[PDB]
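The structure under discussion is supplied below as structure tokens; questions concerning it will follow.
Naming convention: chains lettered A, B, ... in sequence-line order (proteins, then strands); numbering from 1 in each chain. All values below were derived from every heavy atom in this structure, side-chain atoms included, with hydrogens, water molecules and symmetry-related copies excluded.
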Amino acid sequence: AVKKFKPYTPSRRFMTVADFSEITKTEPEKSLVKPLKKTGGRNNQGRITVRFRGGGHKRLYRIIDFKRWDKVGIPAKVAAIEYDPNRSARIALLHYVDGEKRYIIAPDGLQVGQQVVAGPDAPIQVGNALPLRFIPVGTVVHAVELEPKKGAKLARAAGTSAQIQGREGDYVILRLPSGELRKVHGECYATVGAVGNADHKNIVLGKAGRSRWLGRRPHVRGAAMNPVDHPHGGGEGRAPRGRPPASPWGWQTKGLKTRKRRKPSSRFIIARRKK
Amino acid sequence: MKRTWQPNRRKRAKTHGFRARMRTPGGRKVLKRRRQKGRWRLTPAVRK
RNA sequence: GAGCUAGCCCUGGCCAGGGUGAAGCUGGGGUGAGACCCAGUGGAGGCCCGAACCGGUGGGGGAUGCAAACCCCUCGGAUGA
RNA sequence: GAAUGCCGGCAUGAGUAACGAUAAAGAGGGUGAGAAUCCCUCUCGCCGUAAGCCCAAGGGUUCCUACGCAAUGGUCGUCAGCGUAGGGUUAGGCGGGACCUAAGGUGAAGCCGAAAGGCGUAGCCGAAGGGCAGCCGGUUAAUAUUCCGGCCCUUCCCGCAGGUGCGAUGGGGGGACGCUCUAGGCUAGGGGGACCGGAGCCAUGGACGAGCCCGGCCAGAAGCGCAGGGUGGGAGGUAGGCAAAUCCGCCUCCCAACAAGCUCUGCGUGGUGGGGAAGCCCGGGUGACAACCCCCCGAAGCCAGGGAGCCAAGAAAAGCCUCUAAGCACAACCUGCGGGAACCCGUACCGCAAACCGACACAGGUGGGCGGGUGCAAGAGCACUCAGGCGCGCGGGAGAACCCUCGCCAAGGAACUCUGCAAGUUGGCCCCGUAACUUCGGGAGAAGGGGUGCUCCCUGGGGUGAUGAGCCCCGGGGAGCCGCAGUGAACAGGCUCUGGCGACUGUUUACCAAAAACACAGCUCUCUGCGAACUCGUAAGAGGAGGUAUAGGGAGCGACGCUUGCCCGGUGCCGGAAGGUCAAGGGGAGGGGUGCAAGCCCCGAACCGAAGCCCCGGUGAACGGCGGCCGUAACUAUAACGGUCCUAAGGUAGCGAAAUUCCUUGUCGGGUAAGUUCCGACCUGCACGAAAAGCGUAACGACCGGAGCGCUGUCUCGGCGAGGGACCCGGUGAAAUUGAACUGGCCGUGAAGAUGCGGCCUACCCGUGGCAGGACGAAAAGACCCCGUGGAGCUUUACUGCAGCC
RNA sequence: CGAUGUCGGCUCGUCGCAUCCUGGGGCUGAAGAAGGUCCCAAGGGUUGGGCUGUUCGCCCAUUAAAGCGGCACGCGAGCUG
RNA sequence: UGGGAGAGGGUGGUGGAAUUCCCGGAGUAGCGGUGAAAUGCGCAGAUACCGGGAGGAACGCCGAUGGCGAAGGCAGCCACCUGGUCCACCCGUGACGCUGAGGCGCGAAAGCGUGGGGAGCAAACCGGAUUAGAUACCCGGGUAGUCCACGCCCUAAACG
RNA sequence: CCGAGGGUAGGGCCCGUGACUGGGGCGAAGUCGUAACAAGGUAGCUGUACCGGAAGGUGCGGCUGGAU
RNA sequence: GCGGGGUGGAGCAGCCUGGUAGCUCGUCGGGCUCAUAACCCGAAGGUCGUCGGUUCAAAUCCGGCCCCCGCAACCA
Ligand SMILES: [K+]
Ligand SMILES: [Mg+2]
Ligand SMILES: [Mg+2]
Ligand SMILES: [Mg+2]
Ligand SMILES: [Mg+2]
Ligand SMILES: [Mg+2]
Ligand SMILES: [Mg+2]
Ligand SMILES: [Mg+2]
Ligand SMILES: [Mg+2]
Ligand SMILES: [Mg+2]
Ligand SMILES: [Mg+2]
Ligand SMILES: [Mg+2]
Ligand SMILES: [Mg+2]
Ligand SMILES: [Mg+2]
Ligand SMILES: [Mg+2]
Ligand SMILES: [Mg+2]
Ligand SMILES: [Mg+2]
Ligand SMILES: [Mg+2]
Ligand SMILES: [Mg+2]
Ligand SMILES: [Mg+2]
Ligand SMILES: [Mg+2]
Ligand SMILES: [Mg+2]
Ligand SMILES: [Mg+2]
Ligand SMILES: [Mg+2]
Ligand SMILES: [Mg+2]
Ligand SMILES: [Mg+2]
Ligand SMILES: [Mg+2]
Ligand SMILES: [Mg+2]
Ligand SMILES: [Mg+2]
Ligand SMILES: [Mg+2]
Ligand SMILES: [Mg+2]
Ligand SMILES: [Mg+2]
Ligand SMILES: [Mg+2]
Ligand SMILES: [Mg+2]
Ligand SMILES: [Mg+2]
Ligand SMILES: [Mg+2]
Ligand SMILES: [Mg+2]
Ligand SMILES: [Mg+2]
Ligand SMILES: [Mg+2]
Ligand SMILES: [Mg+2]
Ligand SMILES: [Mg+2]
Ligand SMILES: [Mg+2]
Ligand SMILES: [Mg+2]
Ligand SMILES: [Mg+2]
Ligand SMILES: [Mg+2]
Ligand SMILES: [Mg+2]
Ligand SMILES: [Mg+2]
Ligand SMILES: [Mg+2]
Ligand SMILES: [Mg+2]
Ligand SMILES: [Mg+2]
Ligand SMILES: [Mg+2]
Ligand SMILES: [Mg+2]
Ligand SMILES: [Mg+2]
Ligand SMILES: [Mg+2]
Ligand SMILES: [Mg+2]
Ligand SMILES: [Mg+2]
Ligand SMILES: [Mg+2]
Ligand SMILES: [Mg+2]
Ligand SMILES: [Mg+2]
Ligand SMILES: [Mg+2]
Ligand SMILES: [Mg+2]
Ligand SMILES: [Mg+2]
Ligand SMILES: [Mg+2]
Ligand SMILES: [Mg+2]
Ligand SMILES: [Mg+2]
Ligand SMILES: [Mg+2]
Ligand SMILES: [Mg+2]
Ligand SMILES: [Mg+2]
Ligand SMILES: [Mg+2]
Ligand SMILES: [Mg+2]
Ligand SMILES: [Mg+2]
Ligand SMILES: [Mg+2]
Ligand SMILES: [Mg+2]
Ligand SMILES: [Mg+2]
Ligand SMILES: [Mg+2]
Ligand SMILES: [Mg+2]
Ligand SMILES: [Mg+2]
Ligand SMILES: [Mg+2]
Ligand SMILES: [Mg+2]
Ligand SMILES: [Mg+2]
Ligand SMILES: [Mg+2]
Ligand SMILES: [Mg+2]
Ligand SMILES: [Mg+2]
Ligand SMILES: [Mg+2]
Ligand SMILES: [Mg+2]
Ligand SMILES: [Mg+2]
Ligand SMILES: [Mg+2]
Ligand SMILES: [Mg+2]
Ligand SMILES: [Mg+2]
Ligand SMILES: [Mg+2]
Ligand SMILES: [Mg+2]
Ligand SMILES: [Mg+2]
Ligand SMILES: [Mg+2]
Ligand SMILES: [Mg+2]
Ligand SMILES: [Mg+2]
Ligand SMILES: [Mg+2]
Ligand SMILES: [Mg+2]
Ligand SMILES: [Mg+2]
Ligand SMILES: [Mg+2]
Ligand SMILES: [Mg+2]
Ligand SMILES: [Mg+2]
Ligand SMILES: [Mg+2]
Ligand SMILES: [Mg+2]
Ligand SMILES: [Mg+2]
Ligand SMILES: [Mg+2]
Ligand SMILES: [Mg+2]
Ligand SMILES: [Mg+2]
Ligand SMILES: [Mg+2]
Ligand SMILES: [Mg+2]
Ligand SMILES: [Mg+2]
Ligand SMILES: [Mg+2]
Ligand SMILES: [Mg+2]
Ligand SMILES: [Mg+2]
Ligand SMILES: [Mg+2]
Ligand SMILES: [Mg+2]
Ligand SMILES: [Mg+2]
Ligand SMILES: [Mg+2]
Ligand SMILES: [Mg+2]
Ligand SMILES: [Mg+2]
Ligand SMILES: [Mg+2]
Ligand SMILES: [Mg+2]
Ligand SMILES: [Mg+2]
Ligand SMILES: [Mg+2]
Ligand SMILES: [Mg+2]
Ligand SMILES: [Mg+2]
Ligand SMILES: [Mg+2]
Ligand SMILES: [Mg+2]
Ligand SMILES: [Mg+2]
Ligand SMILES: [Mg+2]
Ligand SMILES: [Mg+2]
Ligand SMILES: [Mg+2]
Ligand SMILES: [Mg+2]
Ligand SMILES: [Mg+2]
Ligand SMILES: [Mg+2]
Ligand SMILES: [Mg+2]
Ligand SMILES: [Mg+2]
Ligand SMILES: [Mg+2]
Ligand SMILES: [Mg+2]
Ligand SMILES: [Mg+2]
Ligand SMILES: [Mg+2]
Ligand SMILES: [Mg+2]
Ligand SMILES: [Mg+2]
Ligand SMILES: [Mg+2]
Ligand SMILES: [Mg+2]
Ligand SMILES: [Mg+2]
Ligand SMILES: [Mg+2]
Ligand SMILES: [Mg+2]
Ligand SMILES: [Mg+2]
Ligand SMILES: [Mg+2]
Ligand SMILES: [Mg+2]
Ligand SMILES: [Mg+2]
Ligand SMILES: [Mg+2]
Ligand SMILES: [Mg+2]
Ligand SMILES: [Mg+2]
Ligand SMILES: [Mg+2]
Ligand SMILES: [Mg+2]
Ligand SMILES: [Mg+2]
Ligand SMILES: [Mg+2]
Ligand SMILES: [Mg+2]
Ligand SMILES: [Mg+2]
Ligand SMILES: [Mg+2]
Ligand SMILES: [Mg+2]
Ligand SMILES: [Mg+2]
Ligand SMILES: [Mg+2]
Ligand SMILES: [Mg+2]
Ligand SMILES: [Mg+2]
Ligand SMILES: [Mg+2]
Ligand SMILES: [Mg+2]
Ligand SMILES: [Mg+2]
Ligand SMILES: [Mg+2]
Ligand SMILES: [Mg+2]
Ligand SMILES: [Mg+2]
Ligand SMILES: [Mg+2]
Ligand SMILES: [Mg+2]
Ligand SMILES: [Mg+2]
Ligand SMILES: [Mg+2]
Ligand SMILES: [Mg+2]
Ligand SMILES: [Mg+2]
Ligand SMILES: [Mg+2]
Ligand SMILES: [Mg+2]
Ligand SMILES: [Mg+2]
Ligand SMILES: [Mg+2]
Ligand SMILES: [Mg+2]
Ligand SMILES: [Mg+2]
Ligand SMILES: [Mg+2]
Ligand SMILES: [Mg+2]
Ligand SMILES: [Mg+2]
Ligand SMILES: [Mg+2]
Ligand SMILES: [Mg+2]
Ligand SMILES: [Mg+2]
Ligand SMILES: [Mg+2]
Ligand SMILES: [Mg+2]
Ligand SMILES: [Mg+2]
Ligand SMILES: [Mg+2]
Ligand SMILES: [Mg+2]
Ligand SMILES: [Mg+2]
Ligand SMILES: [Mg+2]
Ligand SMILES: [Mg+2]
Ligand SMILES: [Mg+2]
Ligand SMILES: [Mg+2]
Ligand SMILES: [Mg+2]
Ligand SMILES: [Mg+2]
Ligand SMILES: [Mg+2]
Ligand SMILES: [Mg+2]
Ligand SMILES: [Mg+2]
Ligand SMILES: [Mg+2]
Ligand SMILES: [Mg+2]
Ligand SMILES: [Mg+2]
Ligand SMILES: [Mg+2]
Ligand SMILES: [Mg+2]
Ligand SMILES: [Mg+2]
Ligand SMILES: [Mg+2]
Ligand SMILES: [Mg+2]
Ligand SMILES: [Mg+2]
Ligand SMILES: [Mg+2]
Ligand SMILES: [Mg+2]
Ligand SMILES: [Mg+2]
Ligand SMILES: [Mg+2]
Ligand SMILES: [Mg+2]
Ligand SMILES: [Mg+2]
Ligand SMILES: [Mg+2]
Ligand SMILES: [Mg+2]
Ligand SMILES: [Mg+2]
Ligand SMILES: [Mg+2]
Ligand SMILES: [Mg+2]
Ligand SMILES: [Mg+2]
Ligand SMILES: [Mg+2]
Ligand SMILES: [Mg+2]
Ligand SMILES: [Mg+2]
Ligand SMILES: [Mg+2]
Ligand SMILES: [Mg+2]
Ligand SMILES: [Mg+2]
Ligand SMILES: [Mg+2]
């Protein structure tokens, strides 16, 4: 994992790339891809609404199966594991004995050539999807639905995992990747195992050029601006913040909680995140 | 050096042309004003 | 009003030639097995030199200009943000 | 009569500057009223990865021909992109449309908004992307893949024949894709030929030659050959591809497998149709029955959807093939052949420019293709040159100062100056050689040196061919020759040492700043559980993201190394079902108005009562802040030590006269003959200090300092030379400025700096080339400063309000 | 203030004399040589470097001497910046 | 060849006690801590008690003056993989041995890098005492670290 | 041709010296504390880490060369 | 120029609000100790920088003069 480079340019010193050894197929499934329209961070008004975005490599979108409960009981062979540019995780190509072909995000330890299945009866085995209530308490799990039949919402990123801690009634207790303890409904599906490609966080981008490849445009500090641009803008020479550190839009950016207080899911959060 | 006028027949007709004016309230009131003033040409002329 | 300019989007196009010689690979040495070393092969890079192309560092000229920002000498980048 | 008034007219500056790249001209002969300027010829010069040719955009008749010169043309004009008139643009195959989708735009459904309108799936529109059938030659004063000729092809309609379960918008396949590198075989293009065809040529000392000079092809259907691309076959099951499906997907089995077969392109050949030079002669004719061949170089182009490697993971849709559904199987579709049918728009000409963008025939700007030869290591570099195109729309003289651009310079060599600014120097290739330091890559083209041409001889290997000759590509050795000098011309780093700052490549104030500023990988804090946070929007709806805490937002810091100390009293943020305060509301002790009264009507205390605030803690890579005085050691001096006041706590490591040090050129050391700068130290740091990070750091820098070598007209100290101007003559002819002017010096006076007043002095009238002391010269109603109860941007614990949030 | 360009340098000077040198003197605590001090005198002369933007100053090496001031702190329609 | 004892080593798994935190109940004026105290914690309901939950680390009794390892070192339990080692038999090879400069590997704690984890403990640090002072010992806290993975470090009263 | 050597350029080892700086040894009667030797008044020592005017203190692990 | 300050030997209270000078340390005497320090018991020492005024009365309130810190000195 994590391929290094000799320092033969200044930027190769620290640049590390993924080793891609789990990949078995280097071109996507034509039936499962569609064009991913780059927004550049512009909304339908044409206005930049998320700053410093654009100019990254072209990408096609892989249709990922975040349901899996609509092919209950139909086994599928893991045909390949493919590089997906729209997500940190790797993806897995499934050939259902049905004849259907679908993508899922590749959990850790998944081996090409094995079988996976989904349903209340599925073996508790890496790559299988079951309603949260049928999964043994204590087992790690990923790609979890937050509400039944609404699609997998949590624990989708590379390396991430949610652990089933307990259950009460129609709900089980998860420890999300963040360390929040949340009640999620038992009928919500989830895939046992943690998401693969855990070495994803040890990638050293290496140079400004690699952030540009990813579509991330240069970020300009508030302190680098003028008072017409930002609370931190101006001052003769360099200047400390000189007020509570704030965003471009005025709100404080150090500590100020921003989750809506009266949000209904508060009743279902047992403990706010850790660390 | 590169100057400000860079003629473009398509850009001309799609920006100031008759159909662009007719679409919007401000564009219609232009044609209204130039008609009321007696302008011989209500819109820029372009060859196409 | 974005036919200037700024950013982004979609679709195309361009970048003479020369230099350096990463990983890998093969063979050889090495070891219990290795690490690793050696040669060859290989052809990486916001690598090197340099036109087109993109710039505008210093100096001179120009100053009712050839020109409301130009000309000459010089200089930066030139597979890349 | 004044408003730097307004409009117009006309002056002044002035026959002045200028006449727009220094690529360059001269003669002859024509035409004409008139000729440096038009035409022809000869000579000369310039471009030749263009200053030539071809597309696209933009322009819109500017194209061709006749007639013409008033204005336009920076001069002239008989000429012209000018005036007048006539003529000129021909397509089923080229481009666009009757085809397809991309962003985007629009938008039946639907959603939202006082109105106007905003949004929005499908669908529609939308191209320089996909798809699609024409190549060569000839002809016109002007069009040609368009007309003509030869040879080809496409679709539509109808018909004949043969074949088949036919039939779609729907299912499926395909279309269909990146970057870098790249194989085989060709083509374009080019070099050579003692071979082939040609008008001729023999000069001025020689050559009648294996001499010089010129040319030696282009297109082509079927077929064939070479090269590649694409592609398994069959059967059984089937629940998936939102109906169906023999298709496609998944499973098994048999055979086929670096093939082959089938298919599709490229190239070659190919019936046939064209082309065909110099030279001579008046665009043509001839050459000419022209020849038309061999060898080599050879693409970035073609075969193509080839191959390999890599990560940053690389449109869509139709045409097309297949499946079937309604329907229909007198159909319909497929294949072959035949006849017929085939519309609309563009097509002139300019197109790196005198016709496009710059008010101009403006030294600027403008996308794509072709871009020949030789030599220089290569090349689109450089020099010369082909094809082709130009000498730039004022000239002729003169040979001053001075200016520009350029060349050389004795002795010295930075002494110049803020600074080696500028200009020298160095300069490509091959070989020898190359330090501190380092993150082991680098530093490095370090530094420094040697070689470089020509002739003869010997010889090694590679491509092609064949294993040989020839041509071509890398070489190795020996002996020589010439010159001041052999990358003999042109293009082509000066080097080093040492600090500061920023890791680095990048980015920036278009048009005075390119930097140490911004960005940057990286680090940390913080927010965000997804209908996320946040952002734009009244909203709907979007972005975030078809992402999910290894994720996304915000903030600071800024590779890396070693680190980042103490203060939570104030502000911020965070936590805290107590307490306090707290609005509307609840409550109603209790008063009031009025009425005959029931009543109607008003005021109203305790008490209950959110967030916020108070209060209680937390919290620094949150805002920030990190002491004073007095005394003390057995020489002095200085305090490890102590005393006391204060604080929320009293600056830790590291660093320090610094991009920070006021006193200050501090002091000492180095370098220098001499050093306010520089480097190294010291520490009484006016006024360093730890993510507004602290101290370092290899590499990097058109950054900013200091020094040395080299070399120089930078200088001592200037001199000469060249060209373009300046000067003169012919042509054309501005400008700002301007109260009028008959416009001298001194010493005085004057609103305090007088051509203009006084006194004295000096002075015949008018120019031309020059110089800048004055005319408080010109320019711009001073940017500085103040004044205005003038304006704007910005800030905040100024006031007040609003969005948003609670 | 409907603009009088501001330091220093370079270039070009010109003037004053309260004289730095050179020429002429008196007094000296002037033996000589060399000084001091004052008087007359503006004719001429009054160097080259290191440092710093500097004027100034310090220093190096010389000198007969290394004068001080005015001229819009002379001089930017003369230059530099 | 046949047998044995053992915390020898590595991987994965897992068991109970305790501590802390969290939630529910119950309950009230103190708890804690010391030489004595104060800081601290507690009517915002602590301490002490019961039930539930989460998480990390370490394995009581067995346990010994014991065992294994070359040393460093190794202790709940289970399975796997693996080293050493002793006895028996007297079967096989026939001196094949001993030591070992260099070399290579292993090497307690602390420490370092990148991830993770973090209950208890605890350098640094804050606070309360003590004291002339108290940058200490004692008390309340508390960051590294202690734990896991990979990679470094290679020291020792590494001692018999 | 070679050739003493001369010149230019860059290296390597040694020596002397250098503002200042770092500890070290020694030095009849200096200042501060009392870390060690007794359980030295917190048993000592230890490798490491961090801190502090100074001896030293503390953490982790080790040793007995620890008293009772 | 503007602000604060001077009081036993040392560092600080009292000033504002007139009458009363106080805290820690040091010093001096005694104690414990073999002795010193620490510790314990007692005590001395300040006319409040100086002058002038106000007042019955000034460390205190008001003016100088001295002195010591601190802040400022900007536009050219
Ligand atoms: K003025
Ligand atoms: Mg790397
Ligand atoms: Mg390396
Ligand atoms: Mg992978
Ligand atoms: Mg598709
Ligand atoms: Mg998107
Ligand atoms: Mg839209
Ligand atoms: Mg935008
Ligand atoms: Mg945003
Ligand atoms: Mg953006
Ligand atoms: Mg993602
Ligand atoms: Mg992936
Ligand atoms: Mg739920
Ligand atoms: Mg990273
Ligand atoms: Mg990307
Ligand atoms: Mg930034
Ligand atoms: Mg700023
Ligand atoms: Mg700024
Ligand atoms: Mg703005
Ligand atoms: Mg604002
Ligand atoms: Mg603001
Ligand atoms: Mg600010
Ligand atoms: Mg600023
Ligand atoms: Mg700023
Ligand atoms: Mg500042
Ligand atoms: Mg501040
Ligand atoms: Mg703020
Ligand atoms: Mg908000
Ligand atoms: Mg949470
Ligand atoms: Mg421009
Ligand atoms: Mg344009
Ligand atoms: Mg157009
Ligand atoms: Mg167009
Ligand atoms: Mg347009
Ligand atoms: Mg529009
Ligand atoms: Mg229009
Ligand atoms: Mg409308
Ligand atoms: Mg309207
Ligand atoms: Mg209307
Ligand atoms: Mg009309
Ligand atoms: Mg209009
Ligand atoms: Mg444009
Ligand atoms: Mg290029
Ligand atoms: Mg080379
Ligand atoms: Mg390979
Ligand atoms: Mg320039
Ligand atoms: Mg220069
Ligand atoms: Mg100009
Ligand atoms: Mg130019
Ligand atoms: Mg040039
Ligand atoms: Mg370059
Ligand atoms: Mg009047
Ligand atoms: Mg006026
Ligand atoms: Mg007027
Ligand atoms: Mg007028
Ligand atoms: Mg007029
Ligand atoms: Mg008139
Ligand atoms: Mg006139
Ligand atoms: Mg005139
Ligand atoms: Mg004149
Ligand atoms: Mg002129
Ligand atoms: Mg001119
Ligand atoms: Mg002539
Ligand atoms: Mg003429
Ligand atoms: Mg004429
Ligand atoms: Mg002619
Ligand atoms: Mg050429
Ligand atoms: Mg025009
Ligand atoms: Mg005319
Ligand atoms: Mg006429
Ligand atoms: Mg004219
Ligand atoms: Mg003209
Ligand atoms: Mg005529
Ligand atoms: Mg025509
Ligand atoms: Mg035709
Ligand atoms: Mg039609
Ligand atoms: Mg459209
Ligand atoms: Mg098209
Ligand atoms: Mg495409
Ligand atoms: Mg076509
Ligand atoms: Mg054809
Ligand atoms: Mg033709
Ligand atoms: Mg004709
Ligand atoms: Mg069919
Ligand atoms: Mg179909
Ligand atoms: Mg495809
Ligand atoms: Mg694709
Ligand atoms: Mg050739
Ligand atoms: Mg052919
Ligand atoms: Mg089926
Ligand atoms: Mg003939
Ligand atoms: Mg190409
Ligand atoms: Mg191709
Ligand atoms: Mg790549
Ligand atoms: Mg589409
Ligand atoms: Mg029928
Ligand atoms: Mg058929
Ligand atoms: Mg039609
Ligand atoms: Mg045409
Ligand atoms: Mg050009
Ligand atoms: Mg032209
Ligand atoms: Mg012209
Ligand atoms: Mg032009
Ligand atoms: Mg040629
Ligand atoms: Mg060359
Ligand atoms: Mg000319
Ligand atoms: Mg020209
Ligand atoms: Mg002339
Ligand atoms: Mg003359
Ligand atoms: Mg020239
Ligand atoms: Mg020369
Ligand atoms: Mg000469
Ligand atoms: Mg000379
Ligand atoms: Mg020199
Ligand atoms: Mg010299
Ligand atoms: Mg110099
Ligand atoms: Mg000079
Ligand atoms: Mg030179
Ligand atoms: Mg050269
Ligand atoms: Mg060196
Ligand atoms: Mg070296
Ligand atoms: Mg060096
Ligand atoms: Mg260095
Ligand atoms: Mg190295
Ligand atoms: Mg090089
Ligand atoms: Mg040679
Ligand atoms: Mg020769
Ligand atoms: Mg010779
Ligand atoms: Mg160079
Ligand atoms: Mg930089
Ligand atoms: Mg910078
Ligand atoms: Mg830095
Ligand atoms: Mg750095
Ligand atoms: Mg670059
Ligand atoms: Mg600028
Ligand atoms: Mg500007
Ligand atoms: Mg501008
Ligand atoms: Mg700048
Ligand atoms: Mg730059
Ligand atoms: Mg910037
Ligand atoms: Mg940087
Ligand atoms: Mg970092
Ligand atoms: Mg908004
Ligand atoms: Mg989305
Ligand atoms: Mg950086
Ligand atoms: Mg380092
Ligand atoms: Mg520290
Ligand atoms: Mg605080
Ligand atoms: Mg606070
Ligand atoms: Mg607090
Ligand atoms: Mg209300
Ligand atoms: Mg409340
Ligand atoms: Mg503060
Ligand atoms: Mg200092
Ligand atoms: Mg200094
Ligand atoms: Mg410094
Ligand atoms: Mg500074
Ligand atoms: Mg400072
Ligand atoms: Mg200083
Ligand atoms: Mg000095
Ligand atoms: Mg010295
Ligand atoms: Mg000092
Ligand atoms: Mg800060
Ligand atoms: Mg700062
Ligand atoms: Mg550095
Ligand atoms: Mg740079
Ligand atoms: Mg630079
Ligand atoms: Mg120098
Ligand atoms: Mg030098
Ligand atoms: Mg000169
Ligand atoms: Mg001349
Ligand atoms: Mg004339
Ligand atoms: Mg004229
Ligand atoms: Mg008059
Ligand atoms: Mg008069
Ligand atoms: Mg006169
Ligand atoms: Mg006169
Ligand atoms: Mg006066
Ligand atoms: Mg006067
Ligand atoms: Mg007069
Ligand atoms: Mg008079
Ligand atoms: Mg009078
Ligand atoms: Mg008079
Ligand atoms: Mg006179
Ligand atoms: Mg004249
Ligand atoms: Mg004149
Ligand atoms: Mg004058
Ligand atoms: Mg002047
Ligand atoms: Mg004047
Ligand atoms: Mg005046
Ligand atoms: Mg004047
Ligand atoms: Mg003047
Ligand atoms: Mg002006
Ligand atoms: Mg005005
Ligand atoms: Mg004014
Ligand atoms: Mg003005
Ligand atoms: Mg003023
Ligand atoms: Mg006012
Ligand atoms: Mg007023
Ligand atoms: Mg005002
Ligand atoms: Mg303004
Ligand atoms: Mg005026
Ligand atoms: Mg003026
Ligand atoms: Mg004399
Ligand atoms: Mg004189
Ligand atoms: Mg001065
Ligand atoms: Mg000075
Ligand atoms: Mg003398
Ligand atoms: Mg003077
Ligand atoms: Mg003046
Ligand atoms: Mg002055
Ligand atoms: Mg003055
Ligand atoms: Mg002056
Ligand atoms: Mg000037
Ligand atoms: Mg000046
Ligand atoms: Mg002037
Ligand atoms: Mg309480
Ligand atoms: Mg209570
Ligand atoms: Mg936990
Ligand atoms: Mg035996
Ligand atoms: Mg170890
Ligand atoms: Mg305390
Ligand atoms: Mg032991
Ligand atoms: Mg000799
Ligand atoms: Mg002791
Ligand atoms: Mg003790
Ligand atoms: Mg301690
Ligand atoms: Mg006190
Ligand atoms: Mg008081
Ligand atoms: Mg009182
Ligand atoms: Mg007292
Ligand atoms: Mg009293
Ligand atoms: Mg100011």
Exercise. Test for a donor-acceptor pair under 3.5 Å between the base of D:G175 and the side chain of A:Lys30, counting only N and O atoms.
Key: yes

Quiz item: Where does D:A466 land, syn or anti, given syn is within 90° of 0?
Solution: anti

Quiz item: Under a 3.5 Å limit on both key distances, is there a Watson-Crick or G-U wobble pair between D:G60 and D:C600?
Solution: no

Quiz item: With both atom distances required to be under 3.5 Å, do D:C715 and D:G412 make a Watson-Crick or G-U wobble pair?
Solution: yes

Quiz item: Below 4.0 angstrom from OP1 or OP2 of D:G314, is there any side-chain N or O of A:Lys58?
Solution: no

Quiz item: Looking only at N and O atoms, is any donor in the side chain of A:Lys34 or the base of D:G546 less than 3.5 Å from an acceptor on the other one?
Solution: yes

Quiz prompt | Over 12 foreign heavy atoms within 6.0 Å of CZ, A:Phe52 | solution = yes

Quiz prompt | Stacking status for step D:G88-D:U89 (5.5 Å, 30° cutoffs) | solution = no

Practice problem: Give a yes or no on whether a salt bridge exists between A:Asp65 and A:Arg68, defined as a side-chain N under 4.0 angstrom from a carboxylate O. | Solution: no

Self-check item: Paired, D:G565 vs D:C626, Watson-Crick or G-U, distances below 3.5 Å
Solution: yes

Self-check item: D:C802 pairs with, by Watson-Crick or G-U criteria that keep both distances under 3.5 Å
Solution: none

Quiz item: Under 3.5 Å, is there a donor-acceptor pair between the A:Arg259 and A:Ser266 side chains?
Solution: yes

Self-check item: Pair present between D:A634 and D:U619, Watson-Crick or G-U, 3.5 Å cut-off
Solution: no

Quiz item: Does CZ belonging to B:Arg28 count more than 12 external heavy atoms closer than 6.0 Å?
Solution: yes

